[PDB]
Amino acid sequence: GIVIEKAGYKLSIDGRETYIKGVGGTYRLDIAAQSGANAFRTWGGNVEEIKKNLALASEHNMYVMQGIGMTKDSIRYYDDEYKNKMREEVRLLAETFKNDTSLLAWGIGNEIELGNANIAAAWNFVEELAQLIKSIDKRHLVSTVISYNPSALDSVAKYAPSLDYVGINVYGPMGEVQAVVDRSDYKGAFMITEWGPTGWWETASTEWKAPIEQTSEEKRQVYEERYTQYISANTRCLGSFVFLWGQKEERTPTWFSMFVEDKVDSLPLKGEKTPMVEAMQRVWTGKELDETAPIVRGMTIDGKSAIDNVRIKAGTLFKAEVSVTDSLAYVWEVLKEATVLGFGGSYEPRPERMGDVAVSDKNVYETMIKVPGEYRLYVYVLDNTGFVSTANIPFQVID
Amino acid sequence: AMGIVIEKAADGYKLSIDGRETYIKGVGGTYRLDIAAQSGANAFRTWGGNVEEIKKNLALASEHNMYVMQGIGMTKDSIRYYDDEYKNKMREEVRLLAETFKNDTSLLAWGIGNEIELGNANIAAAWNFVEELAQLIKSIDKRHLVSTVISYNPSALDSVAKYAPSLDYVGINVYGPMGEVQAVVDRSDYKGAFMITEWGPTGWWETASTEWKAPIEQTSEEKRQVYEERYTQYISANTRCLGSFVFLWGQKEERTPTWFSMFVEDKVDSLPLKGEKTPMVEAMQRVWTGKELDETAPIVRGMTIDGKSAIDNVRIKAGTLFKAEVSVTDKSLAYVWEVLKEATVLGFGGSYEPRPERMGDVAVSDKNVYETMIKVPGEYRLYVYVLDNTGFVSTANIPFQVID
Numbered sequence: 025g026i027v028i029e030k031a034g035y036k037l038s039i040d041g042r043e044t045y046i047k048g049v050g051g052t053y054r055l056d057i058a059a060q061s062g063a064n065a066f067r068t069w070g071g072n073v074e075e076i077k078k079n080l081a082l083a084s085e086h087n088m089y090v091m092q093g094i095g096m097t098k099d100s101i102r103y104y105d106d107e108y109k110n111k112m113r114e115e116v117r118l119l120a121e122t123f124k125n126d127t128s129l130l131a132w133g134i135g136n137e138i139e140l141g142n143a144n145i146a147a148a149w150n151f152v153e154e155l156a157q158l159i160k161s162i163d164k165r166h167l168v169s170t171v172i173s174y175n176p177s178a179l180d181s182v183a184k185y186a187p188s189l190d191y192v193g194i195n196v197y198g199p200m201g202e203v204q205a206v207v208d209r210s211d212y213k214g215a216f217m218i219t220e221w222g223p224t225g226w227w228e229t230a231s232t233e234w235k236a237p238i239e240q241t242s243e244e245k246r247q248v249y250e251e252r253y254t255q256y257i258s259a260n261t262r263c264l265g266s267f268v269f270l271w272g273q274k275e276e277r278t279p280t281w282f283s284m285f286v287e288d289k290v291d292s293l294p295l296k297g298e299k300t301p302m303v304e305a306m307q308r309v310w311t312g313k314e315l316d317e318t319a320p321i322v323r324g325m326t327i328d329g330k331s332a333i334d335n336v337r338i339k340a341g342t343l344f345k346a347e348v349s350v351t356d357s358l359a360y361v362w363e364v365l366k367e368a369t370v371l372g373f374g375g376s377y378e379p380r381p382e383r384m385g386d387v388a389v390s391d392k393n394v395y396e397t398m399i400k401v402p403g404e405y406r407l408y409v410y411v412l413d414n415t416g417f418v419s420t421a422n423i424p425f426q427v428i429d
Numbered sequence: 023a024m025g026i027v028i029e030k031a032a033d034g035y036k037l038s039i040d041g042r043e044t045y046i047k048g049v050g051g052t053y054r055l056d057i058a059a060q061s062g063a064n065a066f067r068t069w070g071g072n073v074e075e076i077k078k079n080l081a082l083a084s085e086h087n088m089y090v091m092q093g094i095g096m097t098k099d100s101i102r103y104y105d106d107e108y109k110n111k112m113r114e115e116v117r118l119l120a121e122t123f124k125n126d127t128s129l130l131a132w133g134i135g136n137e138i139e140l141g142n143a144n145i146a147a148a149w150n151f152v153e154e155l156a157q158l159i160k161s162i163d164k165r166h167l168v169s170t171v172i173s174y175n176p177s178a179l180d181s182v183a184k185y186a187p188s189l190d191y192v193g194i195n196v197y198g199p200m201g202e203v204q205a206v207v208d209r210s211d212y213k214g215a216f217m218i219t220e221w222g223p224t225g226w227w228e229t230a231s232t233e234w235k236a237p238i239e240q241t242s243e244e245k246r247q248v249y250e251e252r253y254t255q256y257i258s259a260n261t262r263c264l265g266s267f268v269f270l271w272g273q274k275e276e277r278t279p280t281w282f283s284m285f286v287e288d289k290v291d292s293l294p295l296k297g298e299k300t301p302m303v304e305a306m307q308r309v310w311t312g313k314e315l316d317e318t319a320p321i322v323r324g325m326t327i328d329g330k331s332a333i334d335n336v337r338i339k340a341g342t343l344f345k346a347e348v349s350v351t352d353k357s358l359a360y361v362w363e364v365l366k367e368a369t370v371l372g373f374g375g376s377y378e379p380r381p382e383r384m385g386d387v388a389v390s391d392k393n394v395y396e397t398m399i400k401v402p403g404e405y406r407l408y409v410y411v412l413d414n415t416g417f418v419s420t421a422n423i424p425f426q427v428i429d
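So the protein lines, in turn, are chains B and A.
Heads up: the first sequence runs through residues 25 to 31, 34 to 351, 356 to 429, numbered per the deposited numbering.
Heads up: the second sequence runs through residues 23 to 353, 357 to 429, numbered per the deposited numbering.
Right, dumping it as structure tokens:
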């Protein structure tokens with residue numbers, strides 16, 4: 025009894043109206059569950075990998091939106107060999123998992139429209155696979171996931187009426203999502219299957235084009251505001267999967283990472299949770315928190331902020347300070367400004383460290399850089415409860 | 023001396039195929055390999071495939087007289103490198119590949135993983151398994167080279183040196199500036215030969231930007247110069263470098279439709295482009311062949327709106343006509362004009378980006394000028410495509426803001 029009904035729309039699971047409070051992927055689902063998440067999304071997996079996902083979900087009392095990988099090689103959608111292989115794969119998945127009560131929904135493809143070409147053969151095949159799944163599995167929802175793409179919503183409406191809902195991946199500003207969906211030919215409910223904080227293309231940047239990263243306090247506000255204004259306020263939206271519930275290099279080690287790094291050499295961080303995790307507990311539970319992270323109000327070098335275009339003479343001492351609203359510990363690290371960025375790929379190497387990491391008991395740090403260049407000073411503020419708060423400041427060293 | 027061998031040279035290293043010294047003049051992927059071969063390319067690189075997909079790649083390569091660096095897909099789920107179930111599955115798959123293709127004359131090299139170090143964790147278990155897979159391949163396949171591909175990563179070069187001495191070479195994927203590649207490899211613990219398994223033109227993080235943060239895109243003439251300069255200074259000049267795979271030999275949305283695309287778009291609704299080659303393809307023919315070209319693309323010198331350039335922060339009042347002009351070095358050109366919104370949905374821990382929305386309709390003209398108006402305030406980019414009648418297209422664009 026997984027049903028989407030007109031109210034916009036409401037989702038019910040065996041009579042029980044449920045909002046999908048999700049994370050992208052399977053990192054620290056213990057913390058997701060402790061934070062009041064009830065779901066996670068995966069992109070793919072064979073039978074054995076999906077059984078593992080659904081056992082993890084069961085341990086955490088969470089629902090799964092389980093992805094099925096579709097090709098971006100557009101010519102394959104005319105190929106009966108490819109289509110026969112995919113029908114055999116989807117038959118097996120539907121037959122195996124139709125009675126699993128952790129599984130919520132099948133995701134048939136992720137952004138199939140951003141393939142070699144957006145073509146009717148691909149959309150027709152999504153609709154064929156949806157019919158195939160619904161002929162075997164009467165329990166679960168069937169969906170596809172698209173980019174934030176008016177054409178793709180129109181395509182779903184035209185070619186895939188058998189879908190129960192559409193997932194939309196939203197990167198960057200979210201203020202127009204409601205209007206974009208409302209204006210499209212698509213009638214029905216949706217989920218925001220990827221969303222997150224302010225992009226490095228949305229923020230201010232220094233004169234040398236370093237994007238100015240929000241403090242963890244600013245990021246907390248952005249996660250809560252985006253959730254409240256653009257997810258839970260949209261009556262056509264049934265829920266969402268937040269990113270990045272984990273850590274990955276993305277312009278900086280902290281940019282969209284809701285956890286800090288773990289097991290980086292000579293960096294004594296252990297993957298602590300952040301105010302961005304606090305933000306999601308607050309909006310998922312709708313309740314105030316007992317434990318909150320240190321509130322970072324800002325950060326300076328020689329009294330100047332990121333927006334001031336901080337320039338330091340090579341070989342001169344500079345003094346940093348982080349302002350926090356008192357068993358606190360401070361971890362300080364200088365990296366080069368990132369120069370190897372995802373350029374048609376997802377993965378970026380960690381920028382090179384200058385000198386050594388420092389730990390202090392006070393909110394101040396002084397050092398010296400001999401090499402002219404573009405740098406970033408990162409501070410991590412550790413309480414003794416497993417929270418870490420963050421800020422960084424880009425600066426230039428000059429001869 | 024039959025098969026593929028890397029030898030110490032007086033300076034650096036050299037690669038021989040059946041005793042003939044051969045430079046690897048490669049493209050990433052399998053798009054328009056007819057044009058790659060016509061341009062002087064002798065190689066392409068793939069990331070994965072089953073036996074049947076690899077047979078198709080090697081048949082395409084044979085038809086074009088090209089060599090393949092064939093990838094084997096390795097996991098970024100780092101805990102799996104401890105799991106005998108994952109490792110026995112990969113050993114079986116790699117044994118089958120090595121046995122199936124050991125005598126193929128189109129295959130050059132196996133690429134054991136792409137950026138394994140950028141998975142969940144960079145760990146000994148992963149590098150030791152790459153070494154184990156390399157020894158397994160070389161136990162069966164005496165003809166081909168074995169490699170791994172890393173990000174542009176001093177730490178990864180040190181890990182290959184410590185854990186994977188059975189590799190013949192390392193592939194490095196290089197995005198952004200290339201001037202430090204030589205010193206980075208030289209300063210590393212890695213001692214052997216390398217290939218640049220991804221390289222391309224100027225990143226949108228490297229260029230000037232407008233006052234509203236729109237990256238200023240090079241003209242196709244500036245991109246031509248960048249591809250030629252990077253190849254000549256950093257690839258062919260590096261005596262430890264055995265060759266390279268250029269990107270993007272194809273088209274993909276990356277901030278703009280044109281940013282790193284060496285071909286323009288094909289079958290976009292109400293846009294009459296047909297995947298024409300560009301001055302960036304001409305650049306690779308010039309450096310691959312070392313010979314001057316019979317046919318060259320139109321040389322775009324610049325682009326204006328109302329006499330102003332991209333660097334001038336062009337601002338136009340809503341509901342007013344403006345006049346664009348594209349300057350071309352004079353030599357029956359056609360001009361295709363399109364206004365898109367400045368991209369706001371970018372790759373954010375993903376690769377794929379939707380095409381930004383079109384304002385109004387595409388225009389085609391016989392003259393190098395175009396007039397239109399935008400009624401909605403916002404950030405836009407005007408694109409021009411300059412078609413000769415030989416199958417080349419040249420490009421420029423200009424970001425502009427429409428204000429109340």
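Cβ atoms here follow ideal geometry from the backbone N, Cα and C, with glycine treated the same way.
Review point. Would you say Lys400(A) reaches chain B, if we count a Cβ-Cβ gap shorter than 9 Å as a contact?
Key: No - not a single Cβ of chain B is within 9 Å of the one on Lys400(A).
Point to revise | Buried or exposed (CB count within 10 angstroms, at least 16 for buried), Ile428(A) | key: By the 10 Å Cβ count, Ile428(A) comes out exposed.
Point to revise | Neighbour flag for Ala58(A) against chain B, beta carbons, 9 Å | key: Not flagged as an interface residue toward chain B: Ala58(A), since no C-beta distance is shorter than 9 Å.
Point to revise | From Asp413(B), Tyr108(B), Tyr212(B) and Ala421(B), residue whose alpha carbon lies closest to that of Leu189(B) | key: Of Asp413(B), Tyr108(B), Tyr212(B) and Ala421(B), the residue nearest in Cα terms is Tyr212(B).
Check your understanding: List, in order along the chain, the chain A residues whose C-beta lies closer than 7 Å to that of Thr369(B)?
Key -> The contacting residues are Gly198 and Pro199.
Exercise for review: Closer than 8 Å by beta-carbon distance: list the chain B residues that pair up with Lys245(A), in chain order.
Suggested key: Those do not exist, as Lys245(A) stays about 14 Å from chain B at its closest Cβ, beyond 8 Å.
Point to revise | Three-state secondary structure assigned by DSSP to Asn422(A) | key: Secondary structure at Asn422(A): strand, using DSSP grouped into helix, strand and coil.
Exercise for review: Could you check how far apart the C-beta atoms of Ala319(A) and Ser419(A) are, in whole angstroms? I think they sit under 8 Å.
Suggested key: Rounded, the Cβ-Cβ distance is 5 Å, consistent with contact.
Practice item. Go to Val248(B), then tell me how far its alpha helix (DSSP H) extends in each direction, as first and last residue. Key: Start and end: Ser242 to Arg252.
Check your understanding: When the Cα of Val192(B) is compared with those of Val168(B), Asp208(B) and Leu270(B), which residue comes out closest?
Key -> In terms of CA proximity to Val192(B), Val168(B) leads the group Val168(B), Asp208(B) and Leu270(B).
Exercise for review: Using the Cα positions of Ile218(A) and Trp226(B), report the straight-line distance between them to the nearest angstrom.
Suggested key: The alpha-carbon atoms of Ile218(A) and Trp226(B) are separated by roughly 28 Å.
Review point. Would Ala305(B) count as contacting chain A if we go by Cβ distances under 9 Å?
Key: For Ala305(B), not one C-beta of chain A is nearer than 9 Å to its own C-beta.
Exercise for review: Using only alpha-carbon positions, find the residue among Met325(A), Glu298(A), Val370(A) and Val394(A) that is nearest to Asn414(A).
Suggested key: Between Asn414(A) and the set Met325(A), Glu298(A), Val370(A) and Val394(A), the nearest pair of CA atoms involves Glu298(A).
Check your understanding: the segment 125-149 of chain A: which residues have C-beta closer than 7 Å to a C-beta of chain B, in chain order?
Key -> Taking 7 Å as the cut-off between beta carbons, the residues of the segment 125-149 of chain A near chain B are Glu137, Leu140 and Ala143, in sequence order.
**Study point:** N-terminal and C-terminal residue of the beta strand (DSSP E) that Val322(B) is part of
**Key:** Unbroken beta strand (DSSP E) run through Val322(B): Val322 to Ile327.
Check your understanding: Where does the unbroken alpha helix (DSSP H) through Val203(B) begin, and where does it stop?
Key -> DSSP places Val203(B) in the uninterrupted alpha helix (DSSP H) bounded by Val203 to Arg209.
Exercise for review: Under 6 Å Cβ to Cβ from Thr261(B), same chain only, skipping five residues before and after it: list those, please.
Suggested key: Cβ neighbours of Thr261(B) beyond the five flanking positions: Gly34.
Review point. So which residues of chain A does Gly71(B) contact, with C-beta pairs closer than 9 Å?
Key: In chain order: nothing, as chain A lies at least about 11 Å away.
Review point. In chain order, which beta strand (DSSP E) runs of at least 3 residues are fully inside the segment 142-166 of chain B?
Key: Counting only runs of 3 or more, we get nothing.
Point to revise | Collapsed DSSP secondary structure at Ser84(A) in the structure displayed | key: In this structure, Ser84(A) counts as helix in the three-state DSSP scheme.
Review point. With a cut-off of 9 Å, does the C-beta of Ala178(A) fall near any C-beta of chain B?
Key: Interface with chain B (9 Å Cβ-Cβ cutoff): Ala178(A) is included.
Point to revise | According to DSSP, residues forming a beta bridge with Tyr377(B) | key: DSSP lists no bridge partner for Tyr377(B).
Review point. By DSSP, does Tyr408(B) sit in helix, in strand, or in coil?
Key: In the three-state scheme derived from DSSP, where H, G and I count as helix and E and B as strand, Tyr408(B) is classed as strand.
Exercise for review: Note down the Cα distance separating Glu121(A) from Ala81(A), rounded to an integer number of angstroms.
Suggested key: C-alpha separation (whole angstroms): 17 Å.
Practice item. Please list the residues of the segment 267-284 of chain B that have a C-beta atom closer than 8 Å to any C-beta atom in chain A, keeping them in chain order. Key: The segment 267-284 of chain B vs chain A, Cβ under 8 Å: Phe269, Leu270, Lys274, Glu275, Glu276 and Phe282.
Exercise for review: Go to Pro294(A), then tell me how far its alpha helix (DSSP H) extends in each direction, as first and last residue.
Suggested key: Per DSSP, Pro294(A) lies in no alpha helix (DSSP H); the unbroken beta strand (DSSP E) holding it starts and ends at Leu293 to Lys296.
Point to revise | First through last residue of the alpha helix (DSSP H) which encompasses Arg117(B) | key: Under the DSSP assignment, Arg117(B) falls in the alpha helix (DSSP H) whose first and last residues are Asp106 to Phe123.
Practice item. Give the residues of chain B in contact with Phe216(A), contact being defined as C-beta atoms less than 7 Å apart. Key: Correct list: empty, because the minimum Cβ distance to chain B is about 16 Å.
Practice item. Assign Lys98(B) to one of three DSSP states: helix, strand, or coil. Key: Of the three classes helix, strand and coil, the one that applies to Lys98(B) here is coil, per DSSP.
Point to revise | Coarse secondary structure for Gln273(B), derived from DSSP in three states | key: Per DSSP, reduced to three states, the secondary structure at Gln273(B) is coil, with no helix or strand assignment.
**Study point:** Which listed residue (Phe123(A), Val171(A) and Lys184(A)) has its alpha carbon closest to that of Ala147(A)
**Key:** Per the Cα distances, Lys184(A).
Check your understanding: Secondary structure at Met200(B), three-state DSSP: helix, strand or coil?
Key -> Three-state result, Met200(B): coil.
Exercise for review: For the segment 265-274 of chain A and the segment 40-57 of chain A, state whether three or more C-beta atom pairs, one from each stretch, are separated by less than 8 Å.
Suggested key: With a cut-off of 8 Å, the segment 40-57 of chain A and the segment 265-274 of chain A count as touching, because enough Cβ pairs lie within range.
Review point. By the 10 Å Cβ neighbour count, where 16 or more other Cβ atoms means buried, how is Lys345(A) classified, buried or exposed?
Key: Per the 10 Å Cβ criterion, exposed.
Practice item. On the DSSP bridge assignment, give the partners of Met91(B) in chain order. Key: The bridge partners DSSP lists for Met91(B) are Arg67(B) and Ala131(B).
Point to revise | Boundaries (first-last residue) of the beta strand (DSSP E) holding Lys47(A) | key: Here the beta strand (DSSP E) through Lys47(A) covers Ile46 to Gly50.
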